[PDB]
Each structure stands twice: as C-alpha cells, then as structure tokens.
Amino acid sequence: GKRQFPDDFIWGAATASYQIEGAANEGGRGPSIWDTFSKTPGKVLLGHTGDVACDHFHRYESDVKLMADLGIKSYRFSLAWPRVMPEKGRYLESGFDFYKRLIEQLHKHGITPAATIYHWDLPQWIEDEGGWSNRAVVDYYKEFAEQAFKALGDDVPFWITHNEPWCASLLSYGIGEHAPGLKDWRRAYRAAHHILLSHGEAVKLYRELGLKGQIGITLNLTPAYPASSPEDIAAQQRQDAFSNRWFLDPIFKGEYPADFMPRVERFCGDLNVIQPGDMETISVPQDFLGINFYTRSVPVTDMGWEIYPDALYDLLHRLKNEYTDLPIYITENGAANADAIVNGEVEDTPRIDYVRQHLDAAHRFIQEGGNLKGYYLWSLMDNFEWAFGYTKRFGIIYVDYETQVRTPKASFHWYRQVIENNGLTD
Ligand code: NA
C-alpha cells in the first residue's frame, strides 16, 4: 500500500552555487578555483564553465515559484565565498545581497532555507596560498562563516558547514578530477584535515553567537562491499576507510582510522598537519549528520553508477548502530538520466524509479526506529556537472541552456505528489 513518512518529515531539493548561479563576473565576484579550472584547456568536457550556468542569480524569483509549485518545505543551496571575499584582504558585505533576496522569496512561499557554507567554490586567491593544504585556510573559512552567520543568521535555521570533504580533498588534490586538480596525496590528506578542522571551528562559532537553529556537516558516503576470502574482506576495509571512515571516525570518534593511517603515511610520508586540540575541535557535537548517497562499491544510471538502494538502507543502519543517534538528513540523492524534451515534456521514468527505490529504503529505516528527518533530491534543476560540464543532467527540472527555459520533468510531477501525500503511493 502507501509508505507514509513521519508527520514532520522534511522534503527538499538541493543545488550548489557554482553549478546554477552564473553571474560569475558581476557585483565584484572574484574567481573561484572552479573558474580557473573550467577555463583551463582539458579540465572540463567541451570546455564548459559556470560562467552563465542556469543564470539563477538573475532568475531566482521564477525558480522559487517552481519550488512553491513543487511543495518542498526546504531548499538547500550553497553560499558563494568568492562573492564575499573576492580578493585577498577584500570583504564585500554586498556579496550576501543575492542570498538575502533569495531567502525573502523562500520565506514568502513558506520554504525554509538550508544553507551550505562551502560547496567547493574556494576563492582562487586562497588556492594561490596553498588552498586547503595551508592551515591558514581555517581562519579564512572562519572569517567567511562568521560573516555568513551575521548576515543571514536569523533567517537560516539549518546550516551545513561543508559539502563532501572527500571530494574537496581527495578527489581535488589527490586524484585531480576536481578543482584545483592536483595529484598529491600528502596535499590531499592535509586538505582533508583542514576541511574537518574548519567544520569544527564553524560549529563552535555558531554556538558562541547564540543562534537558535541547527548545524552539521554533509558527507558523501559510498558503502564498500567484499567480493568474497580474508583478502577480499580486507580490501573492503581499505576502501571503506578511504571513502567513509576517514571522515566519519574524526567527526564522531575524534580519531582517524588507525588501520588506514599507516597506508596514508606510507604513500604521503608525514602529514605534519595534526596539531594538539585539532581532533577535539573536529569532534565538537553537531545537531545533525547530512549524508549524500548515490551508489556503492565492490543496472546503472547515466553516470554508469550501480543502482543499489539496499546500500542506503544498510548505511543508515550502520550510522545508527556505530556512529550516532543524531538526526540524519539525506542532503542529496538522485540520478543522471539521458534526458530529452519531446513535445515540451521530459519522460524521465528511470529517475522516478531510482528515487522511489531509495525512498523505500529510507522508509524501511524509519519503520525500524531510524532517526531520518529529511530528504533532499539532487537536483532541483539540471546544472553544471563539474568535470562533465552540461553534458549530464540530474535535475527534476530540465534547463535549456540556450534559452534558459525551465521545463519540469515527469520526476517533478511525481515528487510533487510524493510531497503532497507525504510518502510513496506508487
Ligand atoms: Na571537489
């Protein structure tokens, strides 16, 4: 029959600043690492950049109206650091103006803001000083977080310090797929530490300012599974440490995974990054945990990622059982689909099927006492898919980049029904 969610369950959709905003060179905005990276020959498919994107900086009013039609109770978006700290030693109070306008529209339509402080658009001038590998980044982030809390505080009840440390560190500085696109494990592990430390500083600052809302981190988690024989179980443990425990353990247990740190030191040498007090600051109590879930390791979406909703069920139980009794929010979940407009409609049935499977997994967790409080679909609209540019589409709303026309997909109409019914009804 019907799978009905809790009465107070928070239904949302999510975006990120560089991915939708455009207006990259307006209002004094300085370049981010992603401006530099996308503008570098060879780094992003077809040479796509986030100059323009969905032109959301300008079109926010109409976008919010689509959100009101959808019926989301919360909209998760990110704050553009480069609009506020565009160059070394320069602060633009006006850089938060857009967010103030956006938030007014949200409140007008009874939508709660959920603001992500850092979703990867580090100002280029900080990267020029070593970026996340430099300890001084912690103070720069603190300065930005401080101004965000002061500018928006009262109007934002739900704050996310950091989006996906694994990507901002390991994928960005170690693997080199994302800005700033370096290949240096020591640098990447230094970045991981400083991202985690900056999270903790922001939480501390939030308490000290006496704000009344909630603050937490968002982690992408990719459950690993063994193929089998003791070596396969060991392989699973290595993968799990690399993707998941490297971030979960410090946040919740105030230590890095001791099984994996020797491997890190083997390939990086001494990180020379952990200072006394750091691990305590990283493990400061949060109000909630945000998780971004897409797939597992060890049929597929348009990204070629395995569809495996059981991994989400297992993951939520793992968090409950091993890590935290805090409220969990799925801050992202979604799928790429090879979408086309036929007669002004987009029939993205595969996307519907994917979200239905994941919400069923979530519903099962809730039924078994799981403290899952909210779900945000990635994404509200098609957008700049990082290294893939505009070539991959995750939206429940189609965006023609030539015309900027928004066309709600079948998935939009389906999710609207899910929200209206507060659950699955098939
Ligand atoms: Na990144």
# chains A, B, ... in the order shown; residues from 1 in each chain; ligands from 1
>>> closest_atom_pairs(of="chain A", to="ligand 1", cutoff="6 Å", atoms="only C-alpha atoms and all ligand atoms", output="tab-separated table")
residue	atom	partner	partner_atom_place_in_ligand_line	distance
A:120	CA	ligand 1	1 (Na)	5.5
A:167	CA	ligand 1	1 (Na)	4.3
A:168	CA	ligand 1	1 (Na)	3.6
A:172	CA	ligand 1	1 (Na)	5.1
A:178	CA	ligand 1	1 (Na)	5.0
>>> write_last_selection(atoms="C-alpha atoms", output="mmCIF file, in the first residue's frame")
data_model
loop_
_atom_site.group_PDB
_atom_site.id
_atom_site.type_symbol
_atom_site.label_atom_id
_atom_site.label_comp_id
_atom_site.auth_asym_id
_atom_site.auth_seq_id
_atom_site.Cartn_x
_atom_site.Cartn_y
_atom_site.Cartn_z
ATOM 1 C CA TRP A 120 33.705 23.811 -3.407
ATOM 2 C CA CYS A 167 35.590 15.370 -2.881
ATOM 3 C CA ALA A 168 37.048 18.724 -1.845
ATOM 4 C CA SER A 172 40.506 17.586 -5.849
ATOM 5 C CA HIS A 178 38.117 18.396 -9.493
#
>>> residues_around(residues="residue 141 (chain A)", least_positions_apart="4", cutoff="8 Å", atoms="only C-alpha atoms", output="ChimeraX atom specification")
/A:137,145,198
>>> select_by_dssp(residues="region 65-122 of chain A", states="strand (DSSP E or B)", output="PDB file with N, CA, C and O atoms, in the first residue's frame")
ATOM      1  N   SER A  74      11.867  22.688   2.287  1.00  0.00           N
ATOM      2  CA  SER A  74      13.230  23.186   2.450  1.00  0.00           C
ATOM      3  C   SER A  74      13.966  23.209   1.117  1.00  0.00           C
ATOM      4  O   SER A  74      13.861  22.272   0.330  1.00  0.00           O
ATOM      5  N   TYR A  75      14.725  24.282   0.878  1.00  0.00           N
ATOM      6  CA  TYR A  75      15.582  24.357  -0.298  1.00  0.00           C
ATOM      7  C   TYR A  75      17.034  24.475   0.157  1.00  0.00           C
ATOM      8  O   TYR A  75      17.408  25.409   0.873  1.00  0.00           O
ATOM      9  N   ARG A  76      17.837  23.484  -0.243  1.00  0.00           N
ATOM     10  CA  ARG A  76      19.246  23.525   0.094  1.00  0.00           C
ATOM     11  C   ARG A  76      20.036  24.113  -1.072  1.00  0.00           C
ATOM     12  O   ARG A  76      19.954  23.640  -2.210  1.00  0.00           O
ATOM     13  N   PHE A  77      20.821  25.143  -0.750  1.00  0.00           N
ATOM     14  CA  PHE A  77      21.671  25.842  -1.703  1.00  0.00           C
ATOM     15  C   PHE A  77      22.999  26.148  -0.995  1.00  0.00           C
ATOM     16  O   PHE A  77      23.087  25.988   0.230  1.00  0.00           O
ATOM     17  N   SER A  78      24.001  26.634  -1.757  1.00  0.00           N
ATOM     18  CA  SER A  78      25.293  26.952  -1.169  1.00  0.00           C
ATOM     19  C   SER A  78      25.620  28.449  -1.304  1.00  0.00           C
ATOM     20  O   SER A  78      25.021  29.162  -2.118  1.00  0.00           O
ATOM     21  N   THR A 112      11.724  26.825   3.968  1.00  0.00           N
ATOM     22  CA  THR A 112      12.860  27.036   4.856  1.00  0.00           C
ATOM     23  C   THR A 112      14.175  26.978   4.070  1.00  0.00           C
ATOM     24  O   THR A 112      14.406  26.055   3.281  1.00  0.00           O
ATOM     25  N   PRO A 113      15.101  27.941   4.277  1.00  0.00           N
ATOM     26  CA  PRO A 113      16.437  27.846   3.688  1.00  0.00           C
ATOM     27  C   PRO A 113      17.290  26.818   4.425  1.00  0.00           C
ATOM     28  O   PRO A 113      17.249  26.732   5.663  1.00  0.00           O
ATOM     29  N   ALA A 114      18.044  26.037   3.648  1.00  0.00           N
ATOM     30  CA  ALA A 114      19.138  25.250   4.199  1.00  0.00           C
ATOM     31  C   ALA A 114      20.409  25.647   3.451  1.00  0.00           C
ATOM     32  O   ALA A 114      20.527  25.403   2.254  1.00  0.00           O
ATOM     33  N   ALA A 115      21.320  26.331   4.154  1.00  0.00           N
ATOM     34  CA  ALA A 115      22.467  26.944   3.500  1.00  0.00           C
ATOM     35  C   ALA A 115      23.737  26.129   3.772  1.00  0.00           C
ATOM     36  O   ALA A 115      24.081  25.863   4.921  1.00  0.00           O
ATOM     37  N   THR A 116      24.393  25.701   2.682  1.00  0.00           N
ATOM     38  CA  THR A 116      25.690  25.062   2.723  1.00  0.00           C
ATOM     39  C   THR A 116      26.742  26.162   2.613  1.00  0.00           C
ATOM     40  O   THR A 116      26.700  26.947   1.676  1.00  0.00           O
ATOM     41  N   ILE A 117      27.676  26.206   3.575  1.00  0.00           N
ATOM     42  CA  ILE A 117      28.647  27.279   3.649  1.00  0.00           C
ATOM     43  C   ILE A 117      29.670  27.103   2.529  1.00  0.00           C
ATOM     44  O   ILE A 117      29.938  28.052   1.796  1.00  0.00           O
ATOM     45  N   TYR A 118      30.218  25.884   2.394  1.00  0.00           N
ATOM     46  CA  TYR A 118      31.255  25.605   1.415  1.00  0.00           C
ATOM     47  C   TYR A 118      30.841  24.425   0.550  1.00  0.00           C
ATOM     48  O   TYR A 118      30.753  23.315   1.046  1.00  0.00           O
TER      49      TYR A 118
END
>>> residues_around(residues="residue 367 (chain A)", least_positions_apart="4", cutoff="12 Å", atoms="only C-alpha atoms", output="PyMOL selection string")
chain A and resi 3-6+313+317+360-363+371-372
>>> residues_around(residues="residue 244 (chain A)", least_positions_apart="2", cutoff="12 Å", atoms="only C-alpha atoms", output="number ranges by chain")
A: 164-167, 170, 218-224, 236-242, 246-251, 256-257, 260, 291-293, 296-297, 315, 318-319, 323
>>> write_last_selection(atoms="N, CA, C and O atoms", output="short mmCIF file (atom, residue, chain, number, x, y, z; two decimals), in the first residue's frame")
data_model
loop_
_atom_site.label_atom_id
_atom_site.label_comp_id
_atom_site.auth_asym_id
_atom_site.auth_seq_id
_atom_site.Cartn_x
_atom_site.Cartn_y
_atom_site.Cartn_z
N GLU A 164 30.74 17.40 1.36
CA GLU A 164 31.56 16.34 0.80
C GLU A 164 33.06 16.64 0.93
O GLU A 164 33.77 16.84 -0.06
N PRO A 165 33.62 16.62 2.16
CA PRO A 165 35.06 16.75 2.34
C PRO A 165 35.87 15.80 1.46
O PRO A 165 36.90 16.20 0.91
N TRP A 166 35.41 14.56 1.29
CA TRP A 166 36.15 13.61 0.46
C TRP A 166 36.43 14.18 -0.93
O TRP A 166 37.55 14.05 -1.45
N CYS A 167 35.43 14.82 -1.54
CA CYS A 167 35.59 15.37 -2.88
C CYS A 167 36.50 16.59 -2.88
O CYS A 167 37.36 16.73 -3.75
N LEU A 170 40.35 14.70 -1.35
CA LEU A 170 40.95 13.57 -2.04
C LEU A 170 40.73 13.65 -3.55
O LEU A 170 41.64 13.35 -4.33
N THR A 218 27.92 17.69 5.89
CA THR A 218 27.41 16.73 4.92
C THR A 218 28.57 15.89 4.37
O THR A 218 29.54 16.45 3.83
N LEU A 219 28.44 14.55 4.46
CA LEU A 219 29.45 13.63 3.94
C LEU A 219 28.85 12.82 2.81
O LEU A 219 27.76 12.27 2.95
N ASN A 220 29.57 12.71 1.69
CA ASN A 220 29.24 11.67 0.71
C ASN A 220 29.78 10.35 1.24
O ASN A 220 30.94 10.25 1.62
N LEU A 221 28.92 9.33 1.27
CA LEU A 221 29.32 8.03 1.74
C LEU A 221 29.01 7.00 0.66
O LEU A 221 27.93 7.01 0.08
N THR A 222 30.01 6.18 0.33
CA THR A 222 29.91 5.16 -0.69
C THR A 222 30.22 3.83 -0.01
O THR A 222 31.39 3.47 0.17
N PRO A 223 29.19 3.10 0.49
CA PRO A 223 29.42 1.83 1.17
C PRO A 223 30.24 0.90 0.27
O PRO A 223 29.98 0.86 -0.93
N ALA A 224 31.24 0.23 0.85
CA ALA A 224 32.03 -0.76 0.13
C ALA A 224 31.61 -2.18 0.51
O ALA A 224 31.23 -2.40 1.67
N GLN A 236 37.76 -4.57 1.33
CA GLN A 236 36.55 -3.83 1.65
C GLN A 236 36.90 -2.81 2.74
O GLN A 236 36.46 -1.67 2.66
N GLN A 237 37.71 -3.24 3.72
CA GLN A 237 38.04 -2.40 4.87
C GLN A 237 38.88 -1.21 4.42
O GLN A 237 38.67 -0.10 4.91
N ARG A 238 39.81 -1.44 3.48
CA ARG A 238 40.67 -0.40 2.93
C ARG A 238 39.81 0.64 2.21
O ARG A 238 39.91 1.83 2.48
N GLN A 239 38.94 0.16 1.31
CA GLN A 239 38.06 1.03 0.55
C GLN A 239 37.18 1.85 1.49
O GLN A 239 37.03 3.06 1.31
N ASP A 240 36.61 1.17 2.51
CA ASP A 240 35.69 1.80 3.45
C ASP A 240 36.41 2.87 4.25
O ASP A 240 35.82 3.90 4.57
N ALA A 241 37.68 2.61 4.62
CA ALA A 241 38.47 3.60 5.34
C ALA A 241 38.70 4.82 4.45
O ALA A 241 38.54 5.95 4.91
N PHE A 242 39.05 4.56 3.18
CA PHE A 242 39.43 5.61 2.26
C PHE A 242 38.25 6.54 1.97
O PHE A 242 38.41 7.76 1.96
N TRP A 246 37.49 7.69 6.97
CA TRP A 246 38.46 8.76 7.10
C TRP A 246 37.79 10.04 7.62
O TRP A 246 38.45 10.88 8.24
N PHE A 247 36.49 10.18 7.35
CA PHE A 247 35.73 11.37 7.70
C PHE A 247 34.80 11.09 8.89
O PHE A 247 34.69 11.90 9.79
N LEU A 248 34.17 9.91 8.89
CA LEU A 248 33.23 9.57 9.96
C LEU A 248 33.95 9.45 11.31
O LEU A 248 33.46 9.96 12.33
N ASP A 249 35.11 8.77 11.32
CA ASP A 249 35.82 8.50 12.57
C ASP A 249 36.21 9.81 13.26
O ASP A 249 35.94 9.98 14.44
N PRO A 250 36.88 10.77 12.58
CA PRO A 250 37.23 12.04 13.22
C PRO A 250 36.03 12.82 13.74
O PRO A 250 36.09 13.39 14.85
N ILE A 251 34.96 12.87 12.94
CA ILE A 251 33.76 13.61 13.31
C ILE A 251 33.14 13.02 14.58
O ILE A 251 32.79 13.76 15.50
N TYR A 256 41.42 9.51 13.48
CA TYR A 256 41.47 8.91 12.16
C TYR A 256 41.51 7.40 12.30
O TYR A 256 42.02 6.90 13.30
N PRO A 257 41.03 6.63 11.30
CA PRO A 257 41.08 5.17 11.38
C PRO A 257 42.52 4.65 11.45
O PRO A 257 43.30 4.81 10.50
N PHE A 260 44.14 2.52 8.73
CA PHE A 260 44.42 3.07 7.41
C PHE A 260 45.52 4.13 7.46
O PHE A 260 46.19 4.36 6.45
N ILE A 291 23.96 13.27 4.93
CA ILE A 291 24.60 12.27 4.09
C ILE A 291 24.16 12.43 2.63
O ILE A 291 23.00 12.71 2.33
N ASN A 292 25.12 12.28 1.72
CA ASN A 292 24.85 12.28 0.29
C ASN A 292 25.10 10.85 -0.18
O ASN A 292 26.17 10.31 0.05
N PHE A 293 24.07 10.23 -0.76
CA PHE A 293 24.17 8.82 -1.11
C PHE A 293 23.76 8.68 -2.57
O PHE A 293 22.74 9.23 -2.97
N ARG A 296 27.21 2.32 -4.38
CA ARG A 296 28.11 1.55 -3.53
C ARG A 296 29.33 1.12 -4.35
O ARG A 296 29.33 1.33 -5.56
N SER A 297 30.34 0.52 -3.69
CA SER A 297 31.39 -0.14 -4.46
C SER A 297 31.57 -1.62 -4.09
O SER A 297 31.13 -2.10 -3.04
N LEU A 315 23.43 1.52 5.08
CA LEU A 315 24.24 2.65 5.52
C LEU A 315 23.57 3.37 6.69
O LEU A 315 24.24 3.71 7.67
N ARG A 318 23.97 1.46 9.69
CA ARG A 318 25.35 1.49 10.15
C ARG A 318 25.60 2.78 10.94
O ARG A 318 26.25 2.74 11.99
N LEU A 319 25.07 3.89 10.46
CA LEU A 319 25.25 5.17 11.13
C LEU A 319 24.58 5.12 12.51
O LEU A 319 25.18 5.51 13.51
N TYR A 323 27.73 4.96 14.87
CA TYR A 323 28.23 6.33 14.87
C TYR A 323 27.41 7.29 15.72
O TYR A 323 27.98 8.03 16.51
#
>>> residues_around(residues="residue 280 (chain A)", least_positions_apart="5", cutoff="9 Å", atoms="only C-alpha atoms", output="list in words")
residues 200, 250, 254 and 255 of chain A
>>> residues_around(residues="residue 307 (chain A)", least_positions_apart="6", cutoff="12 Å", atoms="only C-alpha atoms", output="PyMOL selection string")
chain A and resi 293-297+299-301+333-336+350-351+353-358
>>> residues_around(residues="residue 184 (chain A)", least_positions_apart="5", cutoff="10 Å", atoms="only C-alpha atoms", output="PyMOL selection string")
chain A and resi 170+172-176+189+267-268
>>> closest_residue(among="A:83, A:43, A:204, A:413", to="residue 146 (chain A)", atoms="only C-alpha atoms")
A:204
>>> closest_residue(among="A:180, A:344, A:71, A:389", to="residue 106 (chain A)", atoms="only C-alpha atoms")
A:71
